[PDB]
Amino acid sequence: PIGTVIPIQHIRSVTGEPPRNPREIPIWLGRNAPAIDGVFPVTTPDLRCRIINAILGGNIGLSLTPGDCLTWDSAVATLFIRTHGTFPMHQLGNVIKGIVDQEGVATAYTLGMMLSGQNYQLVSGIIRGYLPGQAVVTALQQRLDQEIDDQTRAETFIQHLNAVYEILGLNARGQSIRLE
């Protein structure tokens, strides 16, 4: 094969194979995508796409093509888009609602902006409402807002998210796991 043969099962091991529904798999990916990227260098667009579909194996129509999956964000979004008939930014509210509940605000934010196509702010607005501790909400709203660009806010949102999870020292939900 030209490029790199997909270890796939290695990747699936990273993701931990499909979760419950197909409809979950999109968002599910955006979580696992970086992890997949660990196994798989996914040095081509081709690769990226073949991984996803190969993960899920029997996914209805999420089976993207080696030309849509150039980024993980586009693919993950599209698989969800597959199952939810696509959205006119109507759905992102609900999309955020589901992941945050399941995985947490940081991840949901991530899918939401991917699903939304890098207009984080809308997804973020819903997300914001999903923060664990008001310190997190406030602080995030403060620093992540203040970023160097609009998308810098997009980029570092989760980092600040995790950051506030750091300073409050949570895993997320205002736990304060960290010693201090």
# chains A, B, ... in the order shown; residues from 1 in each chain; ligands from 1

$ residues_around --residues "region 63-79 of chain A" --least-positions-apart "5" --cutoff "8 Å" --atoms "only C-alpha atoms" --output "count of residues only"
23

$ closest_atom_pairs --of "region 116-149 of chain A" --to "region 164-177 of chain A" --cutoff "10 Å" --atoms "only C-alpha atoms" --output "Markdown table"
| residue | atom | partner | partner_atom | distance |
| --- | --- | --- | --- | --- |
| A:130 | CA | A:173 | CA | 9.5 |
| A:131 | CA | A:173 | CA | 7.4 |
| A:132 | CA | A:173 | CA | 4.2 |
| A:133 | CA | A:174 | CA | 4.9 |
| A:134 | CA | A:174 | CA | 8.5 |
| A:135 | CA | A:164 | CA | 7.6 |
| A:136 | CA | A:164 | CA | 5.3 |
| A:137 | CA | A:164 | CA | 8.6 |
| A:138 | CA | A:164 | CA | 9.5 |
| A:139 | CA | A:164 | CA | 6.9 |
| A:140 | CA | A:164 | CA | 6.9 |
| A:143 | CA | A:164 | CA | 9.8 |

$ write_last_selection --atoms "N, CA and C atoms" --output "PDB file, in the first residue's frame"
ATOM      1  N   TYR A 130     -21.915  23.965  30.864  1.00  0.00           N
ATOM      2  CA  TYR A 130     -21.602  22.637  31.330  1.00  0.00           C
ATOM      3  C   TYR A 130     -20.372  22.517  32.221  1.00  0.00           C
ATOM      4  N   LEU A 131     -19.695  23.617  32.482  1.00  0.00           N
ATOM      5  CA  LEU A 131     -18.662  23.658  33.436  1.00  0.00           C
ATOM      6  C   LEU A 131     -19.120  23.257  34.817  1.00  0.00           C
ATOM      7  N   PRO A 132     -18.196  22.568  35.444  1.00  0.00           N
ATOM      8  CA  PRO A 132     -18.347  21.898  36.729  1.00  0.00           C
ATOM      9  C   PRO A 132     -18.447  22.859  37.895  1.00  0.00           C
ATOM     10  N   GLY A 133     -17.452  23.706  37.989  1.00  0.00           N
ATOM     11  CA  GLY A 133     -17.369  24.655  39.056  1.00  0.00           C
ATOM     12  C   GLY A 133     -17.387  26.057  38.512  1.00  0.00           C
ATOM     13  N   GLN A 134     -18.030  26.966  39.221  1.00  0.00           N
ATOM     14  CA  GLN A 134     -18.164  28.341  38.755  1.00  0.00           C
ATOM     15  C   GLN A 134     -16.812  29.025  38.665  1.00  0.00           C
ATOM     16  N   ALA A 135     -15.851  28.585  39.468  1.00  0.00           N
ATOM     17  CA  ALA A 135     -14.482  29.050  39.296  1.00  0.00           C
ATOM     18  C   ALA A 135     -14.034  28.730  37.897  1.00  0.00           C
ATOM     19  N   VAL A 136     -14.269  27.488  37.495  1.00  0.00           N
ATOM     20  CA  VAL A 136     -13.949  27.061  36.163  1.00  0.00           C
ATOM     21  C   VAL A 136     -14.670  27.905  35.143  1.00  0.00           C
ATOM     22  N   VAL A 137     -15.981  28.057  35.275  1.00  0.00           N
ATOM     23  CA  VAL A 137     -16.716  28.857  34.344  1.00  0.00           C
ATOM     24  C   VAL A 137     -16.112  30.253  34.280  1.00  0.00           C
ATOM     25  N   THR A 138     -15.961  30.904  35.429  1.00  0.00           N
ATOM     26  CA  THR A 138     -15.471  32.266  35.441  1.00  0.00           C
ATOM     27  C   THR A 138     -14.088  32.373  34.877  1.00  0.00           C
ATOM     28  N   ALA A 139     -13.181  31.630  35.459  1.00  0.00           N
ATOM     29  CA  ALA A 139     -11.804  31.684  35.043  1.00  0.00           C
ATOM     30  C   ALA A 139     -11.684  31.389  33.581  1.00  0.00           C
ATOM     31  N   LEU A 140     -12.360  30.357  33.116  1.00  0.00           N
ATOM     32  CA  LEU A 140     -12.280  30.014  31.732  1.00  0.00           C
ATOM     33  C   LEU A 140     -12.746  31.140  30.885  1.00  0.00           C
ATOM     34  N   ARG A 143      -9.870  33.809  30.930  1.00  0.00           N
ATOM     35  CA  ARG A 143      -8.585  33.630  30.250  1.00  0.00           C
ATOM     36  C   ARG A 143      -8.763  33.172  28.823  1.00  0.00           C
TER      37      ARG A 143
END

$ atom_distance --atom1 "CA of residue 152 (chain A)" --atom2 "CA of residue 121 (chain A)"
11.5 Å

$ closest_residue --among "A:34, A:22, A:57, A:85" --to "residue 9 (chain A)" --atoms "only C-alpha atoms"
A:57
